[PDB]
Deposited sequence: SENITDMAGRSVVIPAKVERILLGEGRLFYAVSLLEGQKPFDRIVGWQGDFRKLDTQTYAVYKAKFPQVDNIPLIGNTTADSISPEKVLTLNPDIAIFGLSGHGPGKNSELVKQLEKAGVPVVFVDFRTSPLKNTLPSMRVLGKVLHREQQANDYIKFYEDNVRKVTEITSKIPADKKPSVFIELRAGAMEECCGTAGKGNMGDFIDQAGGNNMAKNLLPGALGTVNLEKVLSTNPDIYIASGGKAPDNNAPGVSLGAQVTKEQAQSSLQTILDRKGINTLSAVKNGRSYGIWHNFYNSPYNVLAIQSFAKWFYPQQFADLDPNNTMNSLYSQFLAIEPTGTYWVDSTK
C-alpha cells in the first residue's frame, strides 16, 4: 500500500478490530462491510454519531449495538482495544504517535481536500488493508460508471459555455457568510460536473470563506447551499439527510435563500438555486453530488439522469439500510 500521505504501509495478516480516527470514515467502510457494518469497528471518533445524527439514528434502529462502540476514552484506553489497524483522514497527532509505538498500522485516506485525485485511490487502499478488495473494486467500477455518465458530456464543454457557480457550505447565520470551496473539496465536483466555480481563483485552499459582496458582484448563474441539519432544530441552515422530507427541505432551503443580500442574487430570482447534503464533502458517496451538480448545471443534457436511482442502487448493492430522506433539493 501507498496511502494518501505517500506513506508505505504493511497489510496486516488479519483485521477484526478497526479504529476510525475520523468518524465519517464510516461511510467508506460501510461500502466494504456488506450486511455486517459495525462488526469490525472497535472504536471511532464521534463525528459520525454527533454530526450525522440522522444516518446514525437509522443505523441504530436496525443495529442498537452501535451506541456501545467506544468514542475515541483516553488514548491509553484505546490501545487496550487492541486495534489491528487505524484509519485517519488527511489534534490526532498524539493518538497517531502512540498507535505507531504500539506497532499498530496507520492509514491516511482522503475524500475532503482533493476528492477527485483521492476518492478512488482511498477506496483501493482501504480495499487492500481491510481485506475487502472485491467490494472496493466493485464500488470503484460502480463509481467510475456513474461519474462517466457525467464526464463523457462535461469533459468536452469549453470554459465560456460553462455556468458560473457559487457553493455556500453550511449556509446559515450570515453575520459570518460565504464559507465555500476553492481548489478542492466540493469544487472538484463543480469542476467535474462542468461548472465554473467562482471561488476557485479566490482561494488558495480547498476550503475557505469569501465576502458576501464578492458573491453579489460576480452574481453567479447557479447558487448552491449545503446543509445536514435535522428538521426539528430551530438553528439556521439547510435541512437535509435521511430523516428530512421534500417539504422540510424546500422550507429550510427557502429560509436560506431569503436572507438579506442572498435573495437579490440573479440565480435566486431565476430559481437556479439548490441544496446539497453537506456530508458529501467527506464521503465516497460523493458521486451523488457530482451527478446532482451536472443535472443542475445542464438540466436538459442530464434530463434522464436521476441521482435517486444511483443512490437506491448504491444502497441495494453495498449497504445494509434502506435509503430515506432528502439529500438534494430544488427551489
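Absent C-alpha positions map to the deposited sequence ranges 1-3, 76-82, 101-106, 348-349, in order along the chain.
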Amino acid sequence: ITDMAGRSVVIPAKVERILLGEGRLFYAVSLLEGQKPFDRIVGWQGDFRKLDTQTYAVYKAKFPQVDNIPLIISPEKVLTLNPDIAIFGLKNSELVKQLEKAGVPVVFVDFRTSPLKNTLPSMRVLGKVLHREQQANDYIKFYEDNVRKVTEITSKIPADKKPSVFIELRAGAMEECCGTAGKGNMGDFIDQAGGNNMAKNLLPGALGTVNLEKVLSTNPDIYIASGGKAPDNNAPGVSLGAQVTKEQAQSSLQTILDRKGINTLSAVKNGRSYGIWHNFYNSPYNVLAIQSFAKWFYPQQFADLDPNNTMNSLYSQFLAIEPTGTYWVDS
From here on, numbers count along this sequence of modelled residues.
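The PDB entry reports B-factors from which the mean C-alpha value can be compared for 279-287 and 59-67; the larger average falls on 59-67. Of the two segments, 107-115 and 126-134, the one listed with the higher mean B-factor is 126-134 (C-alpha atoms only).
Residues shown: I153, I87, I224, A173. Highest C-alpha temperature factor in the entry: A173. Across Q192, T180, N196, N92, the entry's maximum B-factor at the CA atom is seen for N92. Per the deposited record, the Cα B-factor of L253 falls in the middle third when ranked against the other modelled residues of its chain.
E213 sits in the highest third of its chain by CA B factor, as recorded in the PDB entry. Split the chain's modelled residues into thirds by C-alpha temperature factor. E247 is in the highest one. The PDB entry assigns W44 a C-alpha temperature factor belonging to the middle third of its chain's modelled residues. Among all modelled residues in its chain, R272 ranks in the lowest third by Cα B-factor.
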